[PDB]
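A short worksheet on the structure shown next.
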Amino acid sequence: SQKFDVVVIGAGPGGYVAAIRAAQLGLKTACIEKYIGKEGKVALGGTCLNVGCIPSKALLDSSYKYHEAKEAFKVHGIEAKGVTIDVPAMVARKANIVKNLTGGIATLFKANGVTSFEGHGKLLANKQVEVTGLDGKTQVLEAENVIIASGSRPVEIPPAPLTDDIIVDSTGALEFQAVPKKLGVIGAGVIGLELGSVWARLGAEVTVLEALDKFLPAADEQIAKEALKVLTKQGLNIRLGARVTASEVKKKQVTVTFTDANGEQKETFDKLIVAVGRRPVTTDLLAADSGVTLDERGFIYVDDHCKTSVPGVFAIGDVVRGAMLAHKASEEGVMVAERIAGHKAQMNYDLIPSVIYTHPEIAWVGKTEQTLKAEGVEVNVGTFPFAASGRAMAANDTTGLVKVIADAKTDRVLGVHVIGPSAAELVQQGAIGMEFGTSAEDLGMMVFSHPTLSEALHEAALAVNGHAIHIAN
Amino acid sequence: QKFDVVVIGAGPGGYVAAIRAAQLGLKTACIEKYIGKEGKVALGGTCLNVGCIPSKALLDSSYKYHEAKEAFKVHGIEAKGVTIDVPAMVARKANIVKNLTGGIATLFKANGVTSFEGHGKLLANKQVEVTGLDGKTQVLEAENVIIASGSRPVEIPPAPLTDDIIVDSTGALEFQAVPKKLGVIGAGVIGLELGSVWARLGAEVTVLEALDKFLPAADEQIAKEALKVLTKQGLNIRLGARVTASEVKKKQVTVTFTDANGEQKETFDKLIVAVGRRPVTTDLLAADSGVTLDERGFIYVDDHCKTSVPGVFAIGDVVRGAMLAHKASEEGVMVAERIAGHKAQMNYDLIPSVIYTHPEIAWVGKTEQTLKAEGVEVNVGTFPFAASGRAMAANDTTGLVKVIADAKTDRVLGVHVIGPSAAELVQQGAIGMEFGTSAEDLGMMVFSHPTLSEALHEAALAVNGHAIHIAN
Ligand SMILES: Cc1cc2nc3c(=O)[nH]c(=O)nc-3n(C[C@H](O)[C@H](O)[C@H](O)COP(=O)(O)OP(=O)(O)OC[C@H]3O[C@@H](n4cnc5c(N)ncnc54)[C@H](O)[C@@H]3O)c2cc1C
Ligand SMILES: Cc1cc2nc3c(=O)[nH]c(=O)nc-3n(C[C@H](O)[C@H](O)[C@H](O)COP(=O)(O)OP(=O)(O)OC[C@H]3O[C@@H](n4cnc5c(N)ncnc54)[C@H](O)[C@@H]3O)c2cc1C
């Protein structure tokens, strides 16, 4: 009853996928989770399902539909009088989606034979896992293998500590019951831009204070430049080189002090979202005699196969090195489970795509132009704008472009970058090609359906070598 | 006077062939006769002027109206009243057409393509007679001719086009008001798309289809779901219903048709005839041109689109194969490259199909029923959008992805989708299939979460019984 082949600590994208895969492989598997959802019961799915990926995308989709009805219907002949959005109802839809999907994970666990434990797991020496239940009582599970998937939480900064319901992190930003009239966001990363977009669409006057001089430095510079222009026009007052140093709450508002190129500045908001990154969670996770070590940044140290310093103990997802993304965590979970089952399964960290769920959506896979320049790789670049896409014109959504980067000597595609409609789907097309070593000409030779947004990738690939049909080369 | 390449027709086949030929350094002419809305010749063929683009424009506008009327409350979005201005909707479509047709002329100018306005006829010895709009003729001496004369709607005596009451797809894209009761003959792609436009805007739509089987070219599982969903959307699709006569009186039309229960009648305010497409060869070939037609009226060509006359090629809807814009354009590229000396080939096995209903329907490769008829043992994996977190956030969970793989080699043989972004997910499958992907190959790749693409990933994993997010 206490013995398992695999004990997983955490039921986020890393842990719950690892648990399902382990069970599919015939391993007697347990998964421990402590997070309490909205109904007062344990809810699986981790950050991503409960306070992350899914909730944010739900509010992004609802808020965009309102925005389009208010600002982009007349051109179609559609007249909608007095369109309004009720924030409590919008948030309630998101909550219902979360409830359904978290229950869905429990259904998958049941179907696959995963044993769930409710409470806090702590790794002791020699792969024993102590579970403190919700009633405070402890039991020890004897594990042949342990998969640590304890995830992350928001970074906290002393200049902007969470305060009442006025200074919030991403979790509180997904729970506003009314549109903040003036909204401040600290951090112009993915989370800050997505959350700022939600509330700007519904009428908030949004300022985003970003300490770095460079916007979206991980994105391709051409993509980031267009993103900054478009998002600023949408009402995200993105201030670069602006570092918050202090805040003061009074009269149900918060005044932020920050330093920019022109010196000390102050700005007052009704709500302030702190979105300055995420940190790995190891709180009470490892006994002093567990043998598992942390790096200087607080991540659990693992090798390229996610194995810790302790045989039979693995760690995956946001608590270890690499991109802090849900699909990265889940793929690591699959790899670890398959390796426990005896398969020499491998993971490719080079083709993990990134998506920013603004509208226009931003997505990419592979290397940026600036990275390849720093590496000394000569490249050919092809782009195609959605302004030249018949499908995008029909959709009344022509902002953005597709960019394909190929090695100048071999024509191998090295990166695909998109800002525009269905960016993530077009990037996935590129990623599939790159898995097979596609050249730019390979993509150019394929039949792409017309009219589709995918044609923009086809034209960009042809443009790499100067023979796109529908733009000057 | 003299050209390396003379192209007859400026549709997706002809205009792309002309651009590519010019890019390859060939002195190229393109002849077109179609008169657009401004009274001048308009390029882009059926697809741009009265086909792909206009239909998708009305599909997108009508869908946005439909969603606002029927699927906003769940988001907390309330309206005091949503209405559609049909003249304004059609005018947006007309403006898109005008911009894109002008865009082709801009591309021709930038690439050095010489345009001729009028009717082109192939004479003997690769001479092309151009009859201008004033009836005057001139002869071009062509080293190579590319025939790209396209297609037009099929006509049937029981439903002849009549004023504005009985129309084909061209007239159906020009209604200035929502018909109260709308009849459609033919439940193919065009009938379903046009029926969808007007049903969304309030028309009571009946689709009369003579065949017993719905969407026979699609995978049967996809077609069954499509029939269910489209019927729920108000397309009263009547299978095994053959129209035999019609009668126009007092701005309405009564249709007579035969179904399993005998002779039936139904009356409509408007009737759309959508009973297929046929190749155009009208006055195209002199009797001694040397180019032959097959029994069905298509120009006879080999797999490189070469006719029975060396240096004369034919592409697009006027030759064999799927009557689709991307098929025509790729044939144009192949022919131009072959004229320039390259042994260019065309892949006829991975041409995708798309039906722009909502939910969208798309597929590439072979259906389950085709593979069973061929005796190929397969494994099938499916994943429903009801289990997609991205689709749930989008409030759009109808449909599924289906992946079919060879049971022995695991090679993916077909990908079929009904649901959001169907065409984009099918293109992902088609790219994989170009590289010979197995189902496990797709399963081992990292798919971004949350995205609609994950449904293809899960379906690929389901082929071999280890999808994560559905029971296996
Ligand atoms: C607003 C926001 C939006 C995001 N949007 C996206 C997106 O769109 N796409 C994307 O790829 N990523 C997105 N992310 C990031 C994504 O959420 C993470 O990368 C992902 O959740 C990490 O998965 P994980 O399993 O490693 O960690 P987590 O999801 O954090 O799961 C860790 C689990 O372990 C539990 N736990 C921790 N310690 C213990 C313990 N001792 N005992 C028992 N249980 C424990 C926790 O309660 C939690 O459930 C977003 C993040 C945020 C904050
Ligand atoms: C309502 C409708 C919707 C459609 N939607 C899609 C879709 O979404 N996706 C898709 O792939 N396909 C779609 N199609 C089909 C698509 O339009 C055709 O497959 C495509 O246009 C064929 O390209 P083509 O160049 O061979 O022929 P065409 O587009 O028909 O062009 C032929 C050109 O040649 C001209 N011509 C003919 N004879 C002569 C002559 N002697 N001299 C000079 N000019 C001549 C014609 O005026 C015409 O412009 C649709 C069709 C219809 C009717």
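Can you check what the net charge comes to around A:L426, using other residues whose Cβ is under 12 Å from the Cβ of A:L426 (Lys, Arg +1; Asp, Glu -1)?
That works out to -3.
Just want to confirm a number: the relative contact order over chain A, from Cα pairs under 8 angstrom separated by 6+ residues, in percent.
Rounded, it is 14 percent for chain A.
Determine the sum of side-chain charges near B:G135: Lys and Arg each +1, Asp and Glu each -1, restricted to other residues whose C-beta is under 15 angstrom from that of B:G135.
So the environment of B:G135 carries a net charge of -1.
State the volume of the convex hull built on the alpha-carbon positions of chain A, expressed per residue in Å³ and rounded to an integer.
176 Å³
Could you give the size of the charge dipole of chain A about its Cα centre, using +1 on the Cβ of each K and R and -1 on the Cβ of each D and E, expressed in debye and rounded to the nearest 20?
1080 debye
How long are the semi-axes of the equivalent ellipsoid of the stretch B:314-372, taking √(5λ) for every eigenvalue λ of the Cα gyration tensor, in whole Å from largest down?
One finds semi-axes of 26, 14, 10 Å for the stretch B:314-372.
Could you tell me the largest-minus-smallest coordinate of the C-alpha atoms of the stretch A:306-416 on each of the three principal axes, in descending order and whole angstroms?
Its Cα atoms span 55, 36, 22 Å along the three principal axes.
Taking only the alpha carbons of the stretch B:220-321, what extent do you get along each of the three principal axes, in Å, biggest first?
For the stretch B:220-321, the Cα spread along each principal axis is 53, 40, 23 Å.
With 18 Å as the cut-off, how large is the P(r) tail for the stretch A:48-158, expressed as percent of Cα-Cα pairs?
In whole percent, the long-distance tail amounts to 70.
What percentages, rounded to whole numbers, describe P(r) for the stretch B:350-472 computed over all alpha carbon pairs with 10 Å bin width beginning at zero?
P(r) for the stretch B:350-472, in whole percents per bin: 15, 50, 31, 4, 0.
About the Cα centre, and with charges only on the beta carbon of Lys, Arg (+1) and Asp, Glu (-1), how big is the dipole of the protein assembly as shown? Nearest 20 debye, please.
1900 debye
Could you compute the net charge surrounding B:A148? Neighbours are other residues with a C-beta less than 11 Å from the C-beta of B:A148; K and R count +1, D and E count -1.
Combined, the nearby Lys, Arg, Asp and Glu give -3.
If you restrict to DSSP beta bridges whose two residues both lie in the stretch B:154-275, what percentage is antiparallel, to the nearest 5?
Roughly 50 percent of the beta bridges in the stretch B:154-275 run antiparallel, per DSSP.
Evaluated at 4 °C with a viscosity of 1.567 mPa s, what Stokes-Einstein diffusion coefficient in µm²/s does the stretch A:155-258 have when Rh comes from the Kirkwood expression over alpha-carbon pairs?
Rounded, D is 91 µm²/s.
Do any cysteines in chain A lack another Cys Cβ under 4.7 Å, and if so which?
Unpaired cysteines in chain A: A:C31, A:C306.
Measure off 7 Å from each Cα along the Cα-to-Cβ vector at A:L294 and B:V280, then give the distance between these two points in nanometres to one decimal.
Reported label-point gap for A:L294 and B:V280 is 7.3 nm.
Averaging over all projection directions, find the projected area of the Cα convex hull of the stretch B:185-231 and quote it in nm² with one decimal place.
3.2 nm²
Can you sort B:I77, A:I352, B:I146 so the residue with the fewest Cβ neighbours within 10 Å comes first?
Going from sparsest to densest Cβ surroundings: A:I352, B:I77, B:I146.
Specify, per residue and in Å³, the volume enclosed by the convex hull of the alpha carbon atoms belonging to the protein assembly as shown.
Once divided by residue count, the hull of the protein assembly as shown is 185 Å³.
Rg to Rh ratio, the stretch B:263-354, alpha-carbon atoms and Kirkwood radius?
Computed over Cα atoms, the ratio is 1.12.
For the stretch A:274-326, what percent of Cα pairs sit more than 19 Å apart?
More than 19 Å apart: 25 percent of the Cα pairs in the stretch A:274-326.
Say the dipole of the protein assembly as shown comes from +1 at the beta carbon of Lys and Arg and -1 at that of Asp and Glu; which of B:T231, B:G14, A:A224 then lies farthest toward its positive end?
Of the candidates, B:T231 comes out farthest on the positive side.
Over the alpha-carbon set of the stretch B:23-100, divide Rg by the Kirkwood Rh and report the Rg/Rh ratio to two decimals.
1.20
Take every DSSP beta bridge with both residues inside chain B and express the antiparallel ones as a percent of the total, to the nearest 5.
If we restrict to bridges inside chain B, about 60 percent are antiparallel.
Under unit Cβ charges (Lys, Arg +1; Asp, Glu -1), what dipole magnitude, rounded to 20 debye, does the stretch A:351-473 have relative to its Cα centre?
I would put it at about 140 debye.
Using the 4.7 Å Cβ rule, please list in number order the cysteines from chain B without any candidate partner.
Result for chain B is B:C30, B:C305, no neighbouring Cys Cβ within the cutoff.
For B:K232, list the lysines whose Cα falls under 20 Å from its own Cα; do not include residues on the same chain fewer than 8 positions away.
The reachable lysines, counting only those whose Cα sits under 20 Å from B:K232, are B:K64, B:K69, B:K73, B:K180, B:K181, B:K213, B:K224.
Summing -39500 (n - 2.57) over the DSSP H runs of n ≥ 4 in chain B and dividing by its residue number, what mean residue ellipticity at 222 nm do you reach, to the nearest 500 deg cm²/dmol?
It comes out at -9500 deg cm²/dmol, rounded to the nearest 500.
Would you be so kind as to identify which of B:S55, B:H66, B:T28 lies farthest towards the positive end of the dipole of the stretch B:1-91, taking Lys and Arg as +1 and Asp and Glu as -1 on Cβ and the Cα centre as origin?
B:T28
Once label points are set 7 Å from the Cα along Cα→Cβ at both B:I156 and B:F435, what is their separation, rounded to one decimal in nm?
Result: 4.6 nm between the two label points.
Quick one: work out the % antiparallel among DSSP beta bridges in the protein assembly as shown, nearest 5.
65 percent
For the stretch A:57-122, would you read off the P(r) tail past 16 Å as a percentage of all alpha carbon pairs?
The share of Cα pairs beyond 16 Å in the stretch A:57-122 comes to 65 percent.
Ideal geometry is used to build each Cβ from the backbone, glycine not excepted, and the neighbour counts take in all protein chains shown. Rule-based calculations on the coordinates, nothing more; no lab input.
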